[PDB]
Each structure stands twice: as structure tokens, then as C-alpha cells.
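Enquirer: Next one to model:
(one chain, ligands or ions: 1)
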Amino acid sequence: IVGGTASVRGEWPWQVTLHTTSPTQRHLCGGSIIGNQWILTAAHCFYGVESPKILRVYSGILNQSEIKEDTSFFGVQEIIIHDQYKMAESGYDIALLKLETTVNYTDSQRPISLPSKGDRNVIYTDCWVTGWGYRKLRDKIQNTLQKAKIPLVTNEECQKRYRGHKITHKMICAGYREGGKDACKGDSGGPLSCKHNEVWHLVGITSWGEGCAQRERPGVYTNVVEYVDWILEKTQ
Ligand SMILES: COC1=C(c2cc(Cl)ccc2C#N)CC(=O)N([C@@H](C[C@@H]2CCCCO2)C(=O)Nc2ccc(C(=O)O)cc2)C1
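Expert: Numbering: from 1, shown residues only. What follows is the structure:
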């Protein structure tokens, strides 16, 4: 996250860190708890991942340095990548992880709602991107989960900034005209969370940008509302 601030324990309880276990153990991607055995994340995360055997999902994490040999995590039973996914910038950048056991909900780990039936035309004005990603394009994964408030931009504006790409209705963009706050490397798969009527909803999944926090270059997110039927079908 560029231009963000440190989060505190319990602030973003749906946020997880997905680790790979081989050839080293490290953060791969963010994700969001959406049900008792379900993480919503980005399909791009699994490039070159041979099987679910090498994944671990850690919930209730503020600092990556909390993760030690005795830290509890969830195994991954199944990776469900959208059938149409090919490349982040071409869309369909969505995946589910089915966990090997159920998450017990606590102050530090809880699900986030999807965008609700009846809210298709809600104007979201309180949206936050979170993650352990870089603070600028050339950096490293951060220890403490970061947050930044980012305004949504229209698809029409977003398409004007990315004339080499097809910005579809299945994407949503967010950024400041003069840049300075954005997702960056290591934030992908995590949430763009928007609060409406004091309820948080998972509006986006951090997907791609051509840079981080550049002027007139909004971040591009998977538009979760356009995948609710897919998510419900896959999760039962
Ligand atoms: C290209 O745009 C991407 C991001 C992005 C998103 C927004 Cl909204 C706005 C701008 C950007 C940008 N830059 C965010 C994002 O995290 N990715 C990802 C893409 C990769 C592809 C392989 C599988 C993991 O994900 C990524 O760069 N992740 C990564 C990189 C390095 C490390 C590390 O040093 O340990 C760990 C994770 C890319």
C-alpha cells in the first residue's frame, strides 16, 4: 500500500495473508474471509502454484513477524479459479480457496459481506484498500498491515487512462487524480472494502495497475458484484 497508515489488531478481520511454503515460506497474496471455509482472492496469485499443498492461509495477522513455527494456519483443500481467467489485465481475476477446516469467528477473524442484492446502484464513498504490499514500486513486503482510503473512479474515466487495455464492467477502478495512495506489489488478492450504512462490503479484489500511485493511473480491481452468482454457485 502506497501512502497508507498502519492498521491495528481487529481493524480488518476479513483480511488474510496467503503464504507459499516452497521454496521458502513467504507472503504471496492477500485474501478475504467470505464464509466459514472460504477465502476470496485473485486468480493471478496461483501462477506457477503446482497444487494447494504448498499454500497456507493465516488469519488474525497484523504483523507478518507474528508468523512463527507455532502460529496456527488453515490448509487449503481446493483452489477454484474462474474458468475464463487468462491474465489479470484481461479480467476474470477471481478465485476461491476452500479451507481444510472452518474458521471460528473472533474479533480478529470474521467474514465480510458481498455487495448486497438491491445495492447494484449504490455510490460507495468510503472505500479502503489494505495489505502488506510495497510502499512504492521498488520496495519489499511490509511487516504491519497497511490501509489507505481510495476514491472509486468511473469505468469511463478508468478506460481513458488505460487505452491499451479493455476496462470492462467486470472491473472497478480506484485512485486519486494526482496519485499518492494506491495498492502496490504484494497487495493483490486482498480486499477493496467499502462501508455503506455502517456495514462493510467486499466491493473489489486488488488485481493490477501499470505502476503504483501514479497520477491519473487508478488501480484496477475485480468488480465483486459482477461475480456474486459465480461465488454463490461455487460456495453451495
Ligand atoms: C501488476 O499489478 C500488481 C498489483 C497492483 C494492483 C493495483 Cl490495484 C495497483 C497497482 C499494482 C501494482 N504494481 C498488485 C500486486 O500485488 N501484484 C502482484 C502480481 C503477482 C503475480 C504473481 C503472483 C503474485 O502476484 C505482485 O506484484 N505481487 C508480489 C510482488 C512481490 C512480492 C515480494 O517481493 O515478495 C510479493 C508479491 C501486481
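Enquirer: Residue 99 bridge partners, please.
Expert: Applying DSSP bridges to residue 99 yields these beta-bridge partners: residue 76.
Enquirer: Flag every buried residue along the strand or helix carrying residue 205.
Expert: Mapping residue 205 onto the secondary structure by DSSP states H and E places it in strand 199-208. Residues of strand 199-208 classed as buried: 200-208 (neighbour count, 16 or more other C-beta atoms under 10 Å). Just so you know, the C-beta spots here come from the backbone N, C-alpha and C atoms, and that holds for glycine as well.
Enquirer: Quick check: which helices or strands does whichever helix or strand comes after it pack against?
Expert: The C-terminal neighbour of strand 199-208 among helices and strands, as given by DSSP H and E, is strand 219-223. Counting contacts by 3 or more C-beta pairs under 8 Å, 6 or more residues apart in numbering; DSSP states H and E, the secondary-structure elements packed against strand 219-223 are strand 171-174, strand 199-208.
Enquirer: Pull the distance from strand 219-223 to the chain's centre.
Expert: Chain-centre distance of strand 219-223: 9 Å, with C-alpha atoms, centre = their mean, to the nearest Å.
Enquirer: what's the answer for stretch 105-124, then?
Expert: From the chain centre to the centre of stretch 105-124 is a distance of 14 Å (C-alpha atoms, centre = their mean).
Enquirer: Dead centre of the protein: give me the residue that sits there.
Expert: The residue at the geometric middle of the chain, judged as the C-alpha nearest the mean C-alpha position with C-alpha atoms, centre = their mean, is residue 190 (1.6 Å).
Enquirer: distance of that residue from the ligand?
Expert: In this view, residue 190 and the ligand are 8 Å apart by C-beta to the nearest ligand atom, to the nearest Å.
Enquirer: ok, now residue 7?
Expert: Here the distance between residue 7 and the ligand works out to 17 Å (C-beta to the nearest ligand atom).
Enquirer: Just to check, residue 212 is in contact with residue 129?
Expert: No: the criterion here is C-beta atoms under 8 Å, and residue 212 misses it with residue 129 at 11.2 Å.
Enquirer: The two: who's more crowded?
Expert: The neighbour comparison of residue 212 against residue 129 (other C-beta atoms under 10 Å) goes to residue 129, with 29 against 24.
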